[PDB]
Amino acid sequence: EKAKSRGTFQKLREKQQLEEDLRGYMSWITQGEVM
Amino acid sequence: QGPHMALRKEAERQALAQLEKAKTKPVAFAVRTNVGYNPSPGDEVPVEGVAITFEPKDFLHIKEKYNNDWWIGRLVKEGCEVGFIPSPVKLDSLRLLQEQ
Amino acid sequence: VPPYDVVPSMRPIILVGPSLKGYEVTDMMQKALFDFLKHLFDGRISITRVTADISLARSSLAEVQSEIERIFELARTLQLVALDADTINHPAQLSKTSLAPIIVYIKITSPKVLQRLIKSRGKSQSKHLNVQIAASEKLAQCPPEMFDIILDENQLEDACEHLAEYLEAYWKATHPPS
């Protein structure tokens, strides 16, 4: 509780969202290169 | 009365046969609506019951032209059939009767 | 004020504004989406490549209207129309003509990811950092209900589960059963 209310929730939410938005960004590339 | 029902009821079935014979006809031209409209009892509707309604910003795939006051076409919506589209001169006729 | 406007019988499918077009970022993002709708709806679509600016009714009136009437020809056989328009970056950019196309809005859910995609394109697109984020913001400033189809999905299949099913709900709206 001392961690999550301080700042540690947004460290694991952003980087899990910034990874799943990265693979979506890189899927928009890897189909554009093949087709 | 009896002399008025010989021609008025033989026009409803003749306009119903034209309405049934236009559903299989291909789509000629589609329009974009700007205002809203629903069918009323005094709108001189040729087949009383088979008219369609549109609100602002709707689409109407018009099949054919029945007369100078009603078009025949369908609503762009799941399951909707053909219907009586009021012409722009019919939409010009309906508003001026609200003043007179 | 005319109440009825002569629009095509089958609306042309078009997506614009995720990132300003005319770049390696936004166009290669859309080029993956044109590949999905080519073979999924093969035989019931007409996909074209648009050159002249159709937001004008630069090019004259005749070179644009002869391409607008080509869209009018592609609505006659009652099939889907798709446009690869390269300058469309606004909802009201295509609000004055008599086409009314389908506004598929690709939604980048996070603005910080775009400039990380920008640094993935080398240093060619790294010279064009803030200029893409202008209409990326302005399309994000436009209301989403003014659009038609919104794609906020990172993976291929989840943006394409909306991109196939929405027009399949739209095809059955245009075409009645016998």
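Values reported hereafter were calculated over all heavy atoms of this structure, with side chains retained and with hydrogens, waters and symmetry mates removed. Numbers restart at 1 for each chain; the letters A, B, ... are given by sequence-line order, proteins then strands.
- More than 12 heavy atoms of other residues, nucleotides or ligands sit less than 6.0 Å from atom CD of A/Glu33.
- Side-chain contact between C/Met28 and A/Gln31 is absent, with no heavy atoms from C-beta onward closer than 4.5 Å.
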Apply side chain to side chain contact (heavy atoms under 4.5 Å, CB included) to the pair C/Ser120 and A/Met26, showing each step before the final yes or no. CA-CA 9 Å; C/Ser120 68; A/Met26 297 306 108; 4.2 Å; yes

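- Inter-residue side-chain proximity for C/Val113 and A/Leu18 is flagged as met; some heavy-atom pair is nearer than 4.5 Å.
- The neighbour count for A/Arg23 CZ, taken as heavy atoms of other residues, nucleotides or ligands under 6.0 Å away, does not exceed 12.
- Note that CD of C/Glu157 is 10.0 Å distant from OG of A/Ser27, once rounded to the nearest 0.5 Å.
- Rounding to the nearest 0.5 angstrom, the gap separating the CD atom in A/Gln17 from the NZ atom in C/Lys112 is 11.5 Å.
- Closest approach of C/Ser110 to A/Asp21, counting heavy atoms only: CB-OD2, 3.8 Å.
- Rounded to the nearest 0.5 angstrom, A/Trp28 CH2 and C/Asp27 CG are separated by 14.0 Å.
- Other residues, nucleotides and ligands place more than 12 heavy atoms under 6.0 Å from the CD atom of C/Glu67.
- In this structure, the side chains of C/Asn154 and A/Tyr25 stay at 4.5 Å or more apart for every pair of heavy atoms.
- Looking at every heavy atom in both residues, A/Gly32 comes nearest to C/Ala32 through N-CB, 4.1 Å.
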